[PDB]
Amino acid sequence: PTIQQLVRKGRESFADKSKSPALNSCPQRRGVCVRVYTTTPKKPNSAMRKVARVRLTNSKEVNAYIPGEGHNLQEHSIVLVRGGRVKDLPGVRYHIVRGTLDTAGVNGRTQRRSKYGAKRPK
Amino acid sequence: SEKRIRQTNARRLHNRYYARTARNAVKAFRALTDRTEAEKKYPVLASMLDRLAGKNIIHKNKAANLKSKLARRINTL
Amino acid sequence: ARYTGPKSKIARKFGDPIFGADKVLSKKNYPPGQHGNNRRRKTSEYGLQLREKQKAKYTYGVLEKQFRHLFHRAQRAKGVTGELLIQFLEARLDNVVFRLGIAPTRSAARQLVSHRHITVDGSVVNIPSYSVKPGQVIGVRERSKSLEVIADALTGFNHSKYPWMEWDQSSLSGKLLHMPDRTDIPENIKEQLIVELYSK
Amino acid sequence: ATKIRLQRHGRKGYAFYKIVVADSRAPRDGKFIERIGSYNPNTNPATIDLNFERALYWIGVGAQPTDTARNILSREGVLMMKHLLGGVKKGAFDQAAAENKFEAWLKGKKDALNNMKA
RNA sequence: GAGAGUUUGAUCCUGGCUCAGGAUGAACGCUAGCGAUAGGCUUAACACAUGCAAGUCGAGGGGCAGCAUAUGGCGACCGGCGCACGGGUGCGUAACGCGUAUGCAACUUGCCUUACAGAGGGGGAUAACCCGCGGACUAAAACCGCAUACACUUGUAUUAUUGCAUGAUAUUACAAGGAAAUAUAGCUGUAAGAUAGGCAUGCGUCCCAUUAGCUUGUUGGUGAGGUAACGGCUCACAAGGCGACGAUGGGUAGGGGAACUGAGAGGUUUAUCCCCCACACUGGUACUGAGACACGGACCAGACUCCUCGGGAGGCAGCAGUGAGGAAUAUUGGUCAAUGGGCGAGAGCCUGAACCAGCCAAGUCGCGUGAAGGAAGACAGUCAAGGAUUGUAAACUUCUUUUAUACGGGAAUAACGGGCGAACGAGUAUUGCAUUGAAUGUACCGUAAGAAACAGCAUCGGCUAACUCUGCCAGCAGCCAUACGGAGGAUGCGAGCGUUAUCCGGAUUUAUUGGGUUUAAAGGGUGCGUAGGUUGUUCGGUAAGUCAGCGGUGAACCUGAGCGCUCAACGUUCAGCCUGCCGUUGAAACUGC
Ligand SMILES: [K+]
Ligand SMILES: [K+]
Ligand SMILES: [K+]
Ligand SMILES: [Mg+2]
Ligand SMILES: [Mg+2]
Ligand SMILES: [Mg+2]
Ligand SMILES: [Mg+2]
Ligand SMILES: [Mg+2]
């Protein structure tokens, strides 16, 4: 544009959006599991992923992926939800923090223990 | 705590009495017509206003304003 | 913190016996682990820069945060960045003690400094990272001038040939003349690689 | 009223004071009209830096010093009536010569012998 | 001042996205030794119990319950000063509120300093005490007259000087009017100073035009009243004022310096720190006072809550408990020893300010978890031999740091009481005074003893093979095994290491510096034309833009040099930044007139 055009109007800047908006800028949130179900990945991936419908304290519905081998989650279980989205799964943009509140650590883990909330073996 | 309440109330009554007296005197003087009579009652009212300003019920500038206005009126009858 | 691990592993990994002279470096010139001496896979230029940085760090007993701060100091200072970095590394109190020969190894010098057997300008200084300036006097503490280890280390060190260090055996002390040039410093560290790695 | 006092400005365990001229209602380390010196009580000689002319001017216009500020001013020699003399002139107090009084008191040094003959 | 990947069978572009880097008052998972120095309800101006946070003066007065025979002192009462500060919070507010620069010939200012004058007489109440809620008595530096102030205020006149219009200042007055405190340090009037406020201005100060007209004390005048003060501030002719250079309305927000970030331009936020503003359960009204949004004041009206049948209380945005909410943030701690503050003649009293201690992976810095010798044990992995490995076990020195004992500073300098030059101020010499505190530091016992984990290892990327096998992993290319799980090794880092959240840079992805529009997104269907933007050549003025000189103004943090923390973070001093704003002098090439 011309200098006169920019004087008249100017430039416009647009703020970005959060990748995980249901956290409300909190690093984690507390929630209650509505339904703990199993889902299918996209076309090039075949598995049975474990997902949970979680009602956060700020009255928001989220789909949170439960990581690790096996879980003890059921309905009406208090869990901690953090950010992070799985690629093949569509609409699942949150993770359950293992080893906190109701959800326990992954049993039998020896490597990457801190990512799955597993205590150091004796 | 009641000491402050009592002192404030006593001082409020004390200030109100003298302030009302001065205001009534000013109002009565403002309605006079006889020049000689006005000149005879001007000094006492000036004394009252100046004593009030000294006692700090009113401000010295306020007393000066009132005295100036009343002297101007007494000049113009 | 300190490395306090095995030393022959690092010596064999880097080839050069940076921790002095050892009998293990012969008949074993491979990096540790079961995958050693299996040819030599092509390591990238970044890998070479990283290995040079690690060689300097293991040589002088400096951890990564302190090393980065030393690089920042060299960058702020006036002169060649790499030469200044090597001068700052050699100006540490434990390195100065080791060059004076009071202790056999740099780790021994650090242990003596930490355990307060070294005095700087007549006062006890026990910080191994203390930066020695030219004109200062570093000597054995008077209460520990008859230590068996110190006496053994000084036995046979009658040379004291370092040009930038003046040794006085009568006072059991030494002084630093000036900051030596990088070519005078006897270390095989290529400071240029560390400089580009830390600046890129 | 206007005052001469010290603001604590060092760190924990090491107090350093800034000698300022401030209104009495101001916060201790807050607003100040002017800065006239500094005070380090950690050193045994009790280090003092002061602007003599400005301190004398503030005393003249009537700033009231605190106890320690008054002691500092007396030590520096601001508190004098040499200017108050109405019957004399050029009355050189020369008390700075006696106020020098250099206290070069040191401590003897002793050493422990190392009898490690083994 | 530098990155990488990703659309294709392959290529060059355009374009978004995702990862690398730095930072946090962060949280979470695993793990955890110390010291120093920072920080600690980011969610609601949420709710509760207890305690403290502002008192002091017996050199003001009547007195004397707690002691010596009213005198030590002191409960209560009258009285003086203070509680408007220190401290807390960010609701409201788009405004002369804030920043920057000024003006007041339209202003006020307790305590403090200096100078000039003066402190003469008198009167009446009512607290407490006493007698019953009502009555009686009495004192003051409480309150109020009279006298004197011609330094003050008001009115008039004269003279002189002068400014920026209203005007200002200084001699001359005559006239009227206005004060005081005493006790063992003080009081009153006036002027100047200092300090602190107030008012008014130039410029700058967020989005929405899917907000275009707004305004009737509203714009100006005359007069009056009122105020510390000018003024529609208020009250009794004219029709004006503000508006696309954005009025009005709606939404959102306390504002700066800092801080962070980037080569810079710039961007983000005002957590801790400093300045200004606003507020104190919600509204309204004032009183007292030098000063009031009255933060530990009052009255009224609301709502909420508590304790009691007549009613009475509270406000947690002061400091500590607790509860709730939340991912999440600590002791119902010590001391007034230091600094500051209030009161007091002083000694002194008070101080949840402050200085400290306690708790908290805890932001940053520093240190340790041993040093030098020791051959290829046992057990784990791979293939008889590599590797873990000089690693272990042995033997010899050291004790930073833990443990036990002892010496133990500095932070504290004035005090008060004695003097000495003399007429009050200072100048000297002494006593006592440390929460932290067995904390710094120092020294001796005998001891390797008490002290390492976390994340990677197919490429980008630094690191490898065996055993398992949908379970999974995952930033991308993708992998169901150099990618999943375990084992052995190796690689980063290291008392930390990873994950998530948020912000900035590369990102030129709003491009003034510094992008584009034939076909990638992007020329209005085409003209005329209002506001606006731009303006051939030449001469002469002006000085708005522009250029130059001089002057004023602009804590902490940040940059070279030191100094002190054993080093370092940090603290502190000094040189180098002021590179904005304002005032005043010049220049005339260019733009404007
Ligand atoms: K007052
Ligand atoms: K105190
Ligand atoms: K032209
Ligand atoms: Mg009188
Ligand atoms: Mg008043
Ligand atoms: Mg560290
Ligand atoms: Mg197109
Ligand atoms: Mg066309």
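We name chains A, B, ... by the order of the sequence lines, and we start the count at 1 in each one.
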Legend entry - Shortest side-chain distance from C:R12, nucleotide among E:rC365, E:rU390, E:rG462: E:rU390

Legend entry - Closest listed nucleotide, where the reference is the side chain of C:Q111 and the choices are E:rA388, E:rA495, E:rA371: E:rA371

Inset, instruction - Determine the contact category for B:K40: base if any of its heavy atoms lies under 4.0 Å from a base atom, sugar-phosphate if only primed atoms, P, OP1 or OP2 are that close, otherwise nothing. - result: nothing

List, with names and distances, any nitrogen or oxygen atoms from the protein found under 3.5 Å away from nitrogen or oxygen atoms belonging to nucleotides 264-269 of chain E.
none

Inset, instruction - To the nearest 0.5 angstrom, please state how far the CZ atom of B:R12 sits from the CG atom of B:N15. - result: 10.0 Å

Legend entry - Complement of E:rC13, any strand, by Watson-Crick or G-U distances under 3.5 angstrom: none

Inset, instruction - Measure the distance from NZ on C:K7 to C1' on E:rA371 and round it to the nearest whole Å. - result: 11 Å

Inset, instruction - For adjacent nucleotides E:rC111 and E:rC112, indicate whether their bases are stacked under the rule of ring centres within 5.5 Å (strictly under) and plane angle under 30°. - result: no

Legend entry - Complement of E:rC547, any strand, by Watson-Crick or G-U distances under 3.5 angstrom: E:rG586

Inset, instruction - Please look at the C1'-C2'-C3'-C4' dihedral of E:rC46 and say whether its sugar is north or south. - result: north

Legend entry - Chi-angle category of E:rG386 [syn within 90° of 0, anti beyond]: syn

Legend entry - Base E:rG515 paired with A:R11 side chain (donor-acceptor, <3.5 Å): yes

Inset, instruction - Return the nearest nucleotide to the side chain of B:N61; candidates are E:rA196, E:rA229, E:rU398. - result: E:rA229

Inset, instruction - Would you tell me whether A:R98 and A:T103 have side-chain atoms, one donor and one acceptor, within less than 3.5 Å of each other? - result: yes

Inset, instruction - Kindly point out which of E:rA371, E:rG29, E:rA474 is positioned nearest to the side chain of A:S114? - result: E:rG29

Inset, instruction - Searching all strands shown, indicate the nucleotide that pairs with E:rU268 (Watson-Crick or G-U wobble; both distances under 3.5 Å). - result: E:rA259

Legend entry - Candidate pair A:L101 and A:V79, rule side-chain contact (heavy atoms from CB on, under 4.5 Å), full reasoning: CA-CA 6 Å; A:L101 300 177; A:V79 291; 5.8 Å; no

Inset, instruction - Please work out whether E:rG381 sits syn or anti, treating a glycosidic angle within 90° of 0 as syn. - result: syn

Legend entry - E:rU464 to E:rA481 separation - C1' atoms, rounded to the nearest Å: 14 Å

Legend entry - Euclidean distance, D:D49 CG relative to D:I72 CD1, rounded to 0.5 Å: 11.0 Å

Inset, instruction - Indicate, with a heavy-atom threshold strictly under 4.0 Å, whether A:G105 touches base, sugar-phosphate, or nothing. - result: nothing

Inset, instruction - Please name the residue in the list D:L79, D:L56, D:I48 that meets the side-chain contact (heavy atoms from CB on, under 4.5 Å) test with D:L73. - result: D:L79

Legend entry - Selection from E:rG471, E:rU288, E:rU390 that lies nearest to any side-chain heavy atom of C:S8: E:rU390

Inset, instruction - Starting at CG of C:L112, measure out to CG of C:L147 and round the result to the nearest 0.5 Å. - result: 7.5 Å

Inset, instruction - Looking only at side-chain atoms of B:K60, point me to the closest of E:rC473, E:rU190, E:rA426. - result: E:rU190

Legend entry - Side-chain H-bond candidate by donor/acceptor type, C:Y3 with C:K57, under 3.5 Å: no

Inset, instruction - Output the single nucleotide from E:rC367, E:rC83, E:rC112 whose closest atom is nearest the side chain of C:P128. - result: E:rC367

Inset, instruction - Compare side-chain N and O positions of C:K28 against OP1 and OP2 of E:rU390 and report whether any pair is under 4.0 Å apart. - result: yes

Give me, pair by pair, the N or O atoms of the protein and of nucleotides 439-443 of chain E that are less than 3.5 Å apart, along with how far apart they are.
| residue | atom | partner | partner atom | Å |
| --- | --- | --- | --- | --- |
| E:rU442 | OP1 | C:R116 | NH2 | 3.4 |
| E:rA443 | OP1 | C:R141 | NH2 | 3.1 |

Inset, instruction - Under a 3.5 Å limit for both distances, which nucleotide forms a Watson-Crick or G-U wobble pair with E:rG302, could you say? - result: E:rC281

Inset, instruction - Could you check whether C:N126 gets within reach of a base, just the sugar-phosphate, or nothing at all, counting any heavy atom under 4.0 Å? - result: base

Inset, instruction - Measure from the side-chain heavy atoms of A:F14 and tell me the nearest of E:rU510, E:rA371, E:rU400. - result: E:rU510

Inset, instruction - Just compare E:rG370, E:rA569, E:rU389 and give me whichever is closest to any side-chain atom of C:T4. - result: E:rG370

Legend entry - Interatomic distance where CD1 belongs to D:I59 and P belongs to E:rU113 [whole Å]: 11 Å

Inset, instruction - Kindly confirm or rule out a cation-pi arrangement of C:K7 over C:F19, judged by NZ or CZ under 6.0 Å from the six-membered ring centre and within 45° of its axis? - result: yes

Inset, instruction - Kindly say whether E:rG39 and E:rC360 qualify as a Watson-Crick or G-U pair under the rule that both distances are below 3.5 angstrom. - result: yes

Inset, instruction - Identify whether the glycosidic angle of E:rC497 places it syn (within 90° of 0) or anti. - result: anti

Inset, instruction - Respond yes when some side-chain nitrogen or oxygen of B:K3 is under 4.0 Å from OP1 or OP2 of E:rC77, and no when none is. - result: no

Inset, instruction - Can you figure out which of E:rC367, E:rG494, E:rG87 approaches the side chain of C:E64 most closely? - result: E:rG494

Inset, instruction - Take atom CZ of C:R106 and atom P of E:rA371, then tell me their distance rounded to the nearest Å. - result: 15 Å

Legend entry - Who pairs with E:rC242 - Watson-Crick or G-U, where each distance is under 3.5 Å: E:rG213

Inset, instruction - Determine the contact category for C:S123: base if any of its heavy atoms lies under 4.0 Å from a base atom, sugar-phosphate if only primed atoms, P, OP1 or OP2 are that close, otherwise nothing. - result: nothing

Inset, instruction - Report the base-pairing partner of E:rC319 (Watson-Crick or G-U wobble, both distances below 3.5 angstrom), or none. - result: E:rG51

Inset, instruction - Let me know, please, whether C:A108 or A:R112 comes out on the 5' side of the other along RNA chain E by nearest nucleotide. - result: C:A108

Legend entry - Chi-based syn or anti call at E:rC77, which uses purine or pyrimidine torsion atoms and a 90° bound: anti

Legend entry - E:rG514 glycosidic torsion: syn (within 90° of 0) vs anti: anti

Legend entry - NZ on B:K41 to CD1 on B:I74, rounded to 0.5 Å: 11.0 Å

Inset, instruction - Report yes or no: do D:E34 and D:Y57 form a side-chain donor-acceptor pair below 3.5 Å? - result: no

Inset, instruction - Could you tell me which nucleotide pairs with E:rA200 by Watson-Crick or G-U wobble geometry, both distances under 3.5 Å, or answer none if nothing does? - result: E:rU102

For nucleotides 477-480 of chain E, which of its nitrogen or oxygen atoms have a protein nitrogen or oxygen under 3.5 Å away, and what is each distance?
| residue | atom | partner | partner atom | Å |
| --- | --- | --- | --- | --- |
| E:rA477 | OP2 | A:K87 | NZ | 3.3 |
| E:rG478 | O6 | A:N45 | ND2 | 3.3 |
| E:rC479 | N4 | A:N45 | OD1 | 2.9 |
| E:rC480 | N4 | A:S46 | N | 3.3 |
| E:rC480 | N4 | A:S46 | O | 3.3 |

Inset, instruction - Look at the side-chain N and O atoms of B:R72 and state whether any lies under 4.0 Å from the OP1 or OP2 oxygen of E:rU156. - result: yes

Legend entry - Base paired to E:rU24 (Watson-Crick or G-U; both N/O distances under 3.5 angstrom): E:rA501

Legend entry - Separation between NE2 of A:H95 and CD of A:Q28, rounded to the nearest 0.5 Å: 13.5 Å

Inset, instruction - Have a look at D:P65 and say if it touches a base, only the backbone sugar-phosphate, or nothing, with a 4.0 Å heavy-atom cut-off. - result: nothing

Inset, instruction - Hey, could you give me the CE/CD distance between D:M80 and D:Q95, rounded to the nearest 0.5 Å? - result: 9.5 Å

Legend entry - No-H, no-angle donor-acceptor pair, D:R28 side chain to E:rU339 base, under 3.5 Å: yes

Inset, instruction - Assign D:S74 to base, sugar-phosphate, or nothing according to its heavy-atom contacts below 4.0 angstrom with the strands shown. - result: sugar-phosphate

Inset, instruction - Scan B:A46 against the nucleic acid and name what it touches under 4.0 Å (heavy atoms): base, sugar-phosphate only, or nothing. - result: sugar-phosphate

Inset, instruction - Decide, applying a 5.5 Å centre-distance limit and a 30° plane-angle limit (both strict), whether C:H115 stacks on E:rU398. - result: no

